[PDB]
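What follows is the residue order along each chain.
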Amino acid sequence: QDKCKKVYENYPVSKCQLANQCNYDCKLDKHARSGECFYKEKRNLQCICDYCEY
């Protein structure tokens, strides 16, 4: 179970609404190729990073 994408310890759900945020941050702290947001729990939200492409 590698998964090019990795879940962030804890990210802001509100700011997650903006893809430019999750990516910018993910590629800033994690320095990952990219970063997107996922829909966890019933309403809660999560932010996952990306370390691959194509």
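Thresholds applied
Residues numbered from 1 in each chain as written, not as in the entry; some residues may be left out. Heavy atoms only, no water. Disulfide = S-S within 2.5 Å. Helix = DSSP H or I, 4+ residues; strand = E, 2+ residues; numbered from the N terminus. Buried < 20%, exposed > 50% of the residue type's maximum accessible area, 1.4 Å probe, protein only.

A.B. asks: What's the story with the state of the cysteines in this structure? I'm lost.
C.D. replies: Here, the word disulfide means a covalent bond between the sulfur atoms of two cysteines. Scanning the entire structure with this criterion turns up four disulfides. Across the disulfide from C4 sits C52; the S-S distance is 2.0 Å. Between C4 and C52, the disulfide has an S-S torsion of -45° and is therefore left-handed. One end of the pair, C4, is in the segment before α1 (13-16); the other, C52, is in the segment after β2 (46-50), with 48 residues separating them in the sequence. What makes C4 partly exposed here is its relative accessible area of 36%. Paired through a disulfide, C16 and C37 show a sulfur-sulfur distance of 2.1 Å. An S-S torsion of about -100° defines the bridge between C16 and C37 as left-handed. Here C37 lies in strand β1 (residues 34-38) and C16 lies in helix α1, a separation of 21 residues in the sequence. Exposure remark for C16: the relative accessible area of 6% places this residue in the buried category. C37 gets classed as partly exposed once you look at its relative accessible area, which sits at 27%. If you count the bonded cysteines of the protein chain from the N-terminus, they pair up as 1-8, 2-5, 3-6, 4-7.

Worth remembering: the numbers are spatial, not functional.
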